[PDB]
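The structure appears right after this line, and notes come after that.
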Amino acid sequence: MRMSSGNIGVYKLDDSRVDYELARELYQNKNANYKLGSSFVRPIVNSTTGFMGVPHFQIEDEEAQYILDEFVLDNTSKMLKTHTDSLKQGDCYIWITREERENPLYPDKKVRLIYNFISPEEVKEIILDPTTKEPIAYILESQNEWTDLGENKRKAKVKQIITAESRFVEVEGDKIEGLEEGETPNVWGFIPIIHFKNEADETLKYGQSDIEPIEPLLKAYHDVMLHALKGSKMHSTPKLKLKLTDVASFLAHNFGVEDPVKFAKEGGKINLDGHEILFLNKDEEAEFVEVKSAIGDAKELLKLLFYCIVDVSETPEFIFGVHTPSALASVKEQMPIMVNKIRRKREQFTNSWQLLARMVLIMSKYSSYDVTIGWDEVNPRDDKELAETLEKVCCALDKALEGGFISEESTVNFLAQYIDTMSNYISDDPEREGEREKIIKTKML
Amino acid sequence: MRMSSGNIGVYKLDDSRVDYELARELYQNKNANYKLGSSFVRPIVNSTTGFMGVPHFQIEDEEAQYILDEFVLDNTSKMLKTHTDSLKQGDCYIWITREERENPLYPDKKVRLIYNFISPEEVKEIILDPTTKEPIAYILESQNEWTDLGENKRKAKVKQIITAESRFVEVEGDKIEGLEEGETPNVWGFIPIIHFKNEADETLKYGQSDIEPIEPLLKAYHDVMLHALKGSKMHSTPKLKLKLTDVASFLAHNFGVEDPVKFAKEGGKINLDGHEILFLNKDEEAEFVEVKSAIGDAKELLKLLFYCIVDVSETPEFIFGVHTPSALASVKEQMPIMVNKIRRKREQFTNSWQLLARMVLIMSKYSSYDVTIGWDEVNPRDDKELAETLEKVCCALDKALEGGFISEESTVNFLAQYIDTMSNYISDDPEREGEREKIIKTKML
Amino acid sequence: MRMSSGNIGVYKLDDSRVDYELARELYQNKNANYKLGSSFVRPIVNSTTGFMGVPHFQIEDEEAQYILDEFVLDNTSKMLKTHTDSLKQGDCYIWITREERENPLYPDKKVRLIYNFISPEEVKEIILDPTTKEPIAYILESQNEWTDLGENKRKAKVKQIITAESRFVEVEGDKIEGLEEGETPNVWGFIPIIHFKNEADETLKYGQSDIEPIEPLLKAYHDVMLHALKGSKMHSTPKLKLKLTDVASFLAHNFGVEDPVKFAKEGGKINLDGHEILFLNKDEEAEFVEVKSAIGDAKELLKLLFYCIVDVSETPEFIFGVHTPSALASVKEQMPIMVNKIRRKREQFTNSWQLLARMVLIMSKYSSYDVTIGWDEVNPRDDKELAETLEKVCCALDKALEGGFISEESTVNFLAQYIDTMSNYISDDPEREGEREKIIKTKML
């Protein structure tokens, strides 16, 4: 809508959070007020997070790339889980810690970068630089209830403030050996936490869940379905009427209900085999009192709300093909819609992944610290087509030799693209196979 | 309609703003009066912004191209977010700032060009040169509420006037460490803010959201859906009538409702398991009071309004294919319509992107400062077809040699086009992969 | 939904377990309250676990690879069972033990690594290091009833505490010959148990079954189906009414029912052959009391709940194609959806499988201990296409020789990929055939 320019309030950065426990309940169909409605939450988030792969960290520096692919081999599953958490809760917080602890289970890995999650409820607040809006400190708070290695219970409410300069930790309860109370210095002058903000907005401090736009539609869908189910249970099965001359005599003779008022008050239930025959007097009657449709129109409302839901999430329509079996004829035809949605969604997190790559590189000199990110194929390109392009270009090359020597550069670039597209396996997340094949080839030589 | 030439008012540049809070509410389905109606807001904006990629800044100067692609690698996500904000709110303001601050997180990147957004509510007014209508100053006003690195709450209503000559900032509230009050000179004699005007018009000072044309249709759709839902809830389930001879005695015997009037006042509710059998006297009757259709005709109205909505947005119809599953047969057949829409939409912002490219080049000698903009493929070209064209031209060339040596120039031009279309990855936004491949090839040499 | 930042509770790691007995009951359709509803539990879990294969443990070291593939040959079935148990119960616990015991059944295999399952009910609790959340001890408790090699019955409630440094076991009941009570040292300083956490979450101590999101839908489906069946049995068959002038005389003449009241008390049942002819007086009437549809609308509700169930499980729709026979036209068209689901699901367990590979390597010097994991093809690649790509690359190579010698490295990489994809058999789980073929070739030489 339009309005006069001089009748607008002052900007303020909203800090309202997503109801994280409610979001996890809806993702698990646990909330009592969305049990029927929240069915659609799982397929939307799962399809969106599964189609978008994990970042393929690329950098020209050899050692930086080796560190990056080691880290990817360590934490690809956790990166995918980070995508899923950002999609579901709207904001997932990631913390990297350097561990020098020596245990027998890792004889060779003396130094390990632990990819640690932080639940969004743990972070009570984040302190931002007002001019840059960069987070300068994190307010973490958690009640660690745990049992001693014997049979003794331990409760410990730990709060800790992490800053770029130092980390401050205190505990209110039973002692925990792992945590050393008070300030401890930060080995680097940056905060080791990375904020993954889903659907980030310049007017919102935090992210926001993909369940939020669909949530009222889920509520309406749940209400319609529950009312429909109650109406069906009440009235779907037909109700037999008998216009008996004397109800009490009939009840006493047939069903042995000597005292019908007590039978009703007690809640007694007549038993019938189903095979019945009615011998009635001239005046009595027997009919079925039944409904054309107990539901009425609720299926049409549910279809409308389903269309609204799949529109709101802009989920491509083969995901919900049970409602519309026509969509199953060609998923490949609808693949561009998925590709578009994944294009839009990946850019939200690619900056955070760049920051994480830069941080892990810093925490382990290098000529560069800016990491470009590749991605998995949403709909794969045929290797046969790529090889056809390669052969066709190469045969096109070696003719009209006045072009220059850049033909070799372009050819090796296309060869690198082909090798990258062939090494990575499409139905396996990430590019663990590329690094593994490279390492095995290096060993065999 | 027609009108006589002498009965027209005088032109006045309208300055009404888009109701930005309402726009963000509709895009998130939050407004109470558009909950059901605003389901279509997300798919329209999301599809439109996703299909249109990010500008591909091209320029003949080597250093300018390097600076441009470095900045693209930095802020491609923010460029796409700028597109989304312009489509949603109708106007998103972009501010570039040069940060010399040294921090450990950027050891090699000492100097940074921060791509800072400004919420459209923050800019209270823009001062325009009346003869050129070029913005000569921005009136920025923002309430920055924040908390101390300890516990203290902080509130600060900072407003600042940015001009080509200098920047002025003053704060009414708690001190903010990053901001120096008073005038500060502008290192360059132009305003570092860029205005992205969605659907710009000669008679409008600001842009206008794509939600504005559809908004009344959203209101009508919401009203129809809500009234339909209420009618269904009231009357979809059938109502059982019992024409009893004595209602009070029946209630007392069956449901134990001694005082039925008080049972009505209290809101009591009879319980039925669903399996009921009716024993009635000769005179009494039982029937179901049922509706042919509680909705009536509202689905037809919803279809008409949906057609109006998709027509107004000129959205290609595979986006809303759940309503029309036949559209899913061939998205490729409808792709020219998306190509048309994106062709129309990109030109709105391409001049602003040219200005931004010029500005970032100026803020970091070059032989040229006019940057041309490429774009992502709306529907990609098949690389096999491009290779076929290349080989076919090459074999066509080297014969009938009277043409001249310009064949070599055309051949290298076609080779450059092929390298550009092959290096760029279709389902990854922007051209980060092209620059990354170029840099990796240069490093490998 | 939204909430203010200051009105959120404190994080607490929930420790609720999946009702494992109920989970196994639903998976076997045994629970009385889910008999009709739980029909969908088996196909979901079975399809999901069958499509995801078993990990293909890959590593550069020759000795490590030999140990890994020997163990795979030993326990591929148990690995698949681990996947199934994790999917069904939400958590299955795996314990590796080294058995030196000599028996005639294994003459050559003196040393064995027993892949021992632990039921999730046996582990009463797991002790976690609070700072790392790494499990530091397991509380195993199990009642072991057994009979003597003669006749005697033997009951024994054994519980045992496993830790990184040692194992403790005590038995309350009859002596078990195999178990030495008291502490026994741990040959390695890590806990030999591995936890497979299905659908792991940062806020949950344990995993969570795939039946949990669908379970209330199963309950509703069961209720609707059962009520429909009861209504049909009561009222599907028509009830013959006879408006006789004197019912008692009619019964006495026709059916010889002298005392109809006692005939009602006794539960007697008239017998009719079906071929009847009615001779009635002028005033008497005979009709059938028949329902239009005893089910009413319950099929529509069942369709809606089935759509909700398959949506919640995100199961590709060919699995339930009896409900939607159109889906059977092209399973290959829907295969990308299965590929997506398996891509998402494999990453949940791949880190645990990496840990297991590392552990078995440690329990039997090696240059590396980080094992990368391949996987079975969800939809296989056509070997003809792979051979076409190989030949096309090879013919493309050996031309334009300025590229370098890296073409040979890429060629042998592609040859290794082809050998891997050809040696492995698609419809046989795992890669036993690859190792068997390698060993047979080595023997033949």
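FYI, nothing fancy with the structure tokens labels: chains A, B, ... in order, residues from 1 per chain, ligands from 1 as they appear.
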Run DSSP on the backbone and grab whatever in region 1-142 of chain A lands in alpha helix (DSSP H); send it over as a short mmCIF file (atom, residue, chain, number, x, y, z; two decimals) with N, CA and C atoms, in the first residue's frame.
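For reference, part-v2.cif as written:
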data_model
loop_
_atom_site.label_atom_id
_atom_site.label_comp_id
_atom_site.auth_asym_id
_atom_site.auth_seq_id
_atom_site.Cartn_x
_atom_site.Cartn_y
_atom_site.Cartn_z
N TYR A 20 11.86 -21.70 18.81
CA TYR A 20 12.69 -22.81 18.34
C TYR A 20 12.12 -24.16 18.77
N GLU A 21 11.64 -24.26 20.01
CA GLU A 21 11.03 -25.51 20.44
C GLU A 21 9.78 -25.82 19.63
N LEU A 22 8.98 -24.79 19.32
CA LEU A 22 7.81 -25.01 18.47
C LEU A 22 8.23 -25.42 17.07
N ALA A 23 9.30 -24.82 16.54
CA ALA A 23 9.78 -25.19 15.21
C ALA A 23 10.19 -26.65 15.17
N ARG A 24 10.94 -27.10 16.18
CA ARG A 24 11.34 -28.50 16.23
C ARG A 24 10.14 -29.42 16.44
N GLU A 25 9.14 -28.97 17.20
CA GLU A 25 7.93 -29.77 17.36
C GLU A 25 7.21 -29.94 16.02
N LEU A 26 7.07 -28.84 15.27
CA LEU A 26 6.40 -28.92 13.98
C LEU A 26 7.18 -29.79 13.00
N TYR A 27 8.51 -29.69 13.03
CA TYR A 27 9.32 -30.53 12.16
C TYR A 27 9.17 -32.01 12.51
N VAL A 41 5.43 -29.89 6.79
CA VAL A 41 6.67 -29.23 7.19
C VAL A 41 7.88 -30.08 6.83
N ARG A 42 7.82 -31.37 7.14
CA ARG A 42 8.96 -32.25 6.87
C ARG A 42 9.34 -32.30 5.39
N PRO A 43 8.43 -32.58 4.45
CA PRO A 43 8.87 -32.67 3.04
C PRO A 43 9.46 -31.39 2.50
N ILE A 44 8.92 -30.22 2.87
CA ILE A 44 9.43 -28.96 2.35
C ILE A 44 10.89 -28.77 2.76
N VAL A 45 11.14 -28.79 4.07
CA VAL A 45 12.49 -28.55 4.58
C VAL A 45 13.44 -29.64 4.10
N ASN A 46 12.99 -30.89 4.14
CA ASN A 46 13.87 -32.00 3.77
C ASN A 46 14.25 -31.92 2.29
N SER A 47 13.29 -31.66 1.41
CA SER A 47 13.61 -31.54 0.00
C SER A 47 14.53 -30.35 -0.25
N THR A 48 14.24 -29.21 0.37
CA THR A 48 15.05 -28.02 0.13
C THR A 48 16.48 -28.23 0.61
N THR A 49 16.66 -28.81 1.79
CA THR A 49 18.01 -28.98 2.33
C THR A 49 18.75 -30.12 1.63
N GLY A 50 18.03 -31.14 1.17
CA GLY A 50 18.69 -32.24 0.48
C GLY A 50 19.11 -31.87 -0.93
N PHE A 51 18.33 -31.04 -1.61
CA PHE A 51 18.71 -30.63 -2.96
C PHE A 51 19.95 -29.74 -2.93
N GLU A 62 47.57 -24.33 -2.58
CA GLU A 62 47.58 -25.78 -2.40
C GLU A 62 47.31 -26.17 -0.95
N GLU A 63 48.04 -25.56 -0.01
CA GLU A 63 47.93 -25.96 1.39
C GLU A 63 46.58 -25.56 1.97
N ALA A 64 46.08 -24.38 1.60
CA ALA A 64 44.75 -23.97 2.04
C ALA A 64 43.69 -24.94 1.51
N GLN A 65 43.82 -25.35 0.25
CA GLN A 65 42.87 -26.30 -0.31
C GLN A 65 42.94 -27.65 0.40
N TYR A 66 44.15 -28.09 0.74
CA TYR A 66 44.30 -29.35 1.46
C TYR A 66 43.67 -29.28 2.84
N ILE A 67 43.88 -28.17 3.55
CA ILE A 67 43.24 -28.00 4.85
C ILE A 67 41.73 -27.98 4.70
N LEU A 68 41.24 -27.30 3.66
CA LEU A 68 39.80 -27.20 3.45
C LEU A 68 39.19 -28.56 3.16
N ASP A 69 39.83 -29.37 2.31
CA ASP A 69 39.23 -30.66 1.99
C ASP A 69 39.35 -31.64 3.15
N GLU A 70 40.41 -31.52 3.96
CA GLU A 70 40.46 -32.28 5.21
C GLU A 70 39.28 -31.93 6.10
N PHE A 71 39.02 -30.63 6.26
CA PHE A 71 37.90 -30.19 7.09
C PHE A 71 36.57 -30.67 6.52
N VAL A 72 36.43 -30.64 5.19
CA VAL A 72 35.20 -31.10 4.55
C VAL A 72 35.01 -32.59 4.81
N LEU A 73 36.07 -33.38 4.63
CA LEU A 73 36.01 -34.81 4.94
C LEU A 73 35.62 -35.04 6.39
N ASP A 74 36.04 -34.14 7.28
CA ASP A 74 35.65 -34.27 8.68
C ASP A 74 34.17 -33.99 8.89
N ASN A 75 33.65 -32.90 8.30
CA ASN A 75 32.40 -32.30 8.77
C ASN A 75 31.38 -32.06 7.66
N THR A 76 31.39 -32.86 6.59
CA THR A 76 30.37 -32.70 5.56
C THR A 76 28.97 -32.97 6.10
N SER A 77 28.82 -34.04 6.89
CA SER A 77 27.52 -34.35 7.47
C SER A 77 27.04 -33.22 8.36
N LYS A 78 27.95 -32.65 9.14
CA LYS A 78 27.57 -31.56 10.03
C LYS A 78 27.25 -30.29 9.24
N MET A 79 27.89 -30.08 8.09
CA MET A 79 27.52 -28.95 7.25
C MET A 79 26.11 -29.11 6.70
N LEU A 80 25.77 -30.32 6.24
CA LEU A 80 24.41 -30.56 5.78
C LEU A 80 23.41 -30.38 6.93
N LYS A 81 23.77 -30.85 8.12
CA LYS A 81 22.92 -30.64 9.28
C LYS A 81 22.78 -29.15 9.59
N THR A 82 23.83 -28.37 9.35
CA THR A 82 23.75 -26.93 9.55
C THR A 82 22.76 -26.31 8.59
N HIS A 83 22.80 -26.72 7.32
CA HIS A 83 21.78 -26.28 6.37
C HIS A 83 20.38 -26.62 6.86
N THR A 84 20.19 -27.86 7.31
CA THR A 84 18.87 -28.29 7.76
C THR A 84 18.41 -27.50 8.98
N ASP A 85 19.32 -27.25 9.92
CA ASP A 85 18.98 -26.49 11.12
C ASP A 85 18.62 -25.05 10.77
N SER A 86 19.38 -24.43 9.86
CA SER A 86 19.05 -23.08 9.44
C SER A 86 17.68 -23.04 8.77
N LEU A 87 17.39 -24.02 7.92
CA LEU A 87 16.08 -24.06 7.28
C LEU A 87 14.96 -24.25 8.31
N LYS A 88 15.18 -25.13 9.29
CA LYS A 88 14.12 -25.49 10.22
C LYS A 88 13.91 -24.41 11.28
N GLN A 89 14.92 -24.15 12.10
CA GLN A 89 14.78 -23.21 13.20
C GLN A 89 14.90 -21.76 12.76
#
Spatial neighbours of residue 278 (chain B), 8 Å, only C-alpha atoms, chain gap at least 6 places, as a list in words: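 Contacts, in chain order: residues 239, 240, 241 and 242 of chain A.
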Polymer residues at most 10 Å from residue 176 (chain C), only C-alpha atoms, same-chain spacing of 5 or more positions, as a PyMOL selection string: chain C and resi 144+146+154-156+158+171+181
Exercise: region 224-227 of chain B partners within 9 Å, only C-alpha atoms, chain neighbours under 2 positions left out, as JSON, numbers by chain: {"A": [301, 304], "B": [36, 37, 219, 220, 221, 222, 229, 230, 231, 232, 295, 298, 299, 301, 302]}
Nearest-residue call for chain C, choices A:190, A:11, A:106, A:196, using only C-alpha atoms: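 Counting only C-alpha atoms, the residue closest to chain C is A:106.
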CA of residue 331 (chain B) to CA of residue 327 (chain A), distance in Å rounded to a single decimal: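 Separation between CA of residue 331 (chain B) and CA of residue 327 (chain A): 11.8 Å.
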For residue 305 (chain A), the nearest of the candidates A:217, A:416, A:390, A:179, counting only C-alpha atoms: A:217
Residue neighbourhood region 260-276 of chain A, 12 Å, only C-alpha atoms, exclusion window fewer than 2 positions, as a ChimeraX atom specification: /A:247-258,278-279 /B:249-257,271-279 /C:229-242,264,267-272,288-290,294
Shell around residue 134 (chain C) at 12 Å using only C-alpha atoms, local window under 4 positions removed, as a ChimeraX atom specification: /A:114,116,178 /C:126-130,138,163-164,190-191,194-195,205
One-decimal distance in Å that lies between CA of residue 212 (chain A) and CA of residue 218 (chain B):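 About the pair CA of residue 218 (chain B) and CA of residue 212 (chain A): they are 18.8 Å apart.
Candidate residues A:152, A:442, A:203, A:352 were compared for distance to chain B, and the nearest is A:203, using only C-alpha atoms.
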Spatial neighbours of residue 281 (chain C), 10 Å, only C-alpha atoms, chain gap at least 3 places, as number ranges by chain: C: 244-245, 278, 284-285
A:321, A:6, A:55, A:189 ranked by distance to chain C, top pick (using only C-alpha atoms):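 The closest residue to chain C is A:321.
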Shortest interatomic distance to chain B - which of A:408, A:108, A:383, A:202, counting only C-alpha atoms: A:202
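Among the candidate residues C:173, C:430, C:216, C:135, the one lying nearest to chain A is C:216, with distances computed using only C-alpha atoms.
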Atom pair CA of residue 199 (chain B) / CA of residue 348 (chain B): separation (Å):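 That distance, rounded to one decimal, is 6.7 Å.
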Every residue of region 119-208 of chain B that DSSP places in strand (DSSP E), as a PyMOL selection string: chain B and resi 123-128+135-147+153-163+166-173+182-185+193-197
